[PDB]
């Protein structure tokens, strides 16, 4: 049996490896460039507000009030970078958020003491 609790952990030490290398810096820069576009971030808001369910371009055009060609231009940039997966079988193509790169970028930005939850697993 396990009793689960979620509690507050004490703050971490500020910035709990060394400085990023030339290539690792070039890579994350490239990713931040992709999210550096207000349209792209707005796209992301709407994927997020739908619970990260898959969506079609016509659904995103309805959610955003921008044209299909606009939303497509930006979905390709986002898929190419790796923030979204394209599920192309069928009559209507879906796009799905991928969590992986968002987590890597969170790590890059772990500057300062963090306030985290702690999940205690009480096995008994």
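Residue numbers count along the first chain shown, from 1.
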**OP:** Classify the number of deposited-sequence residues missing from the model between residue 16 and residue 17: none, 1 to 3, 4 to 9, or 10 or more.
**Re:** 1 to 3
Subject >> Residue stretch of maximal mean CA temperature factor, 84-92 vs 32-40 >> reply: 84-92
**OP:** Taking the mean of the C-alpha B-factors per stretch from the entry, tell me the winner out of 17-25 and 99-107.
**Re:** 17-25
Subject >> Record-listed C-alpha B factor of residue 49: chain third >> reply: highest
